[PDB]
Every structure is written in C-alpha cells, then in structure tokens.
Amino acid sequence: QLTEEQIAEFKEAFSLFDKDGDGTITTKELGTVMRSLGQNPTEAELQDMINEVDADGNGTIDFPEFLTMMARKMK
Amino acid sequence: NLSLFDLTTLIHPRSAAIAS
Ligand SMILES: [Ca+2]
Ligand SMILES: [Ca+2]
C-alpha cells in the first residue's frame, strides 16, 4: 500500500543523504550527515549501516534499495 | 548502533511518521 505521496516523501529523504545528487548514498555522505547530528561514526560502522540495506552488494545505497527498506519498515 | 532507517527518522520525520 505504498502511495505516490509516500514515494515522494521517501525520495526527498533519500536526497537529503545523497549530498551530491549522483543517485547513491556513500559512506562519506552518511558520515557527513551523522557528524552534523553530533555523531562520530567510524568508516566500518558506516559500511555496516549500508550493508544492512545494500541489496545488490555494491557498497552504496541507491533509491530502489532505500525505498525497499522504507517499505519493509511500513509492513 | 543506529541504522540508516534510524537516521532517516532523525533527518526526515515525515518519512518517519509514514513508517510508524
Ligand atoms: Ca551521492
Ligand atoms: Ca547497492
């Protein structure tokens, strides 16, 4: 029951991570967001966060993977 | 210990509300 309004919200959230707009979230971009929240993750911790949702194993998160993750939390 | 979903709820609460 994923609506177009929800996909638009999730795409906006994705864009907040995807700092350079290239369609993928990297550990560098994730680290930038975490440090702006006062967090202090290691590269290994960032790679762990990506791995949990990196469906195709290429080491970065694209929007299909991000949407899949948000849809799973909905159910 | 925070997941990508956890960080999304921090930086995009509307996405958060939809999930909950
Ligand atoms: Ca990017
Ligand atoms: Ca991937």
# chains A, B, ... in the order shown; residues from 1 in each chain; ligands from 1
$ interface_residues --of "chain A" --to "chain B" --cutoff "9 Å" --atoms "only C-alpha atoms" --output "list in words"
residues 6, 9, 10, 12, 13, 14, 16, 17, 30, 33, 34, 37, 45, 48, 49, 50, 52, 53, 66, 69, 70, 71, 72, 73, 74 and 75 of chain A
$ select_by_dssp --residues "chain B" --states "helix (DSSP H, G or I)" --output "count of residues only"
15
$ residues_near_ligand --ligand "ligand 1" --cutoff "6 Å" --atoms "only C-alpha atoms and all ligand atoms" --output "ChimeraX atom specification"
/A:18-26
$ closest_atom_pairs --of "chain A" --to "ligand 2" --cutoff "7 Å" --atoms "only C-alpha atoms and all ligand atoms" --output "tab-separated table"
residue	atom	partner	partner_atom_place_in_ligand_line	distance
A:54	CA	ligand 2	1 (Ca)	4.3
A:55	CA	ligand 2	1 (Ca)	5.6
A:56	CA	ligand 2	1 (Ca)	4.8
A:57	CA	ligand 2	1 (Ca)	5.4
A:58	CA	ligand 2	1 (Ca)	4.7
A:59	CA	ligand 2	1 (Ca)	5.5
A:60	CA	ligand 2	1 (Ca)	4.6
A:61	CA	ligand 2	1 (Ca)	4.4
A:62	CA	ligand 2	1 (Ca)	5.7
A:65	CA	ligand 2	1 (Ca)	6.6
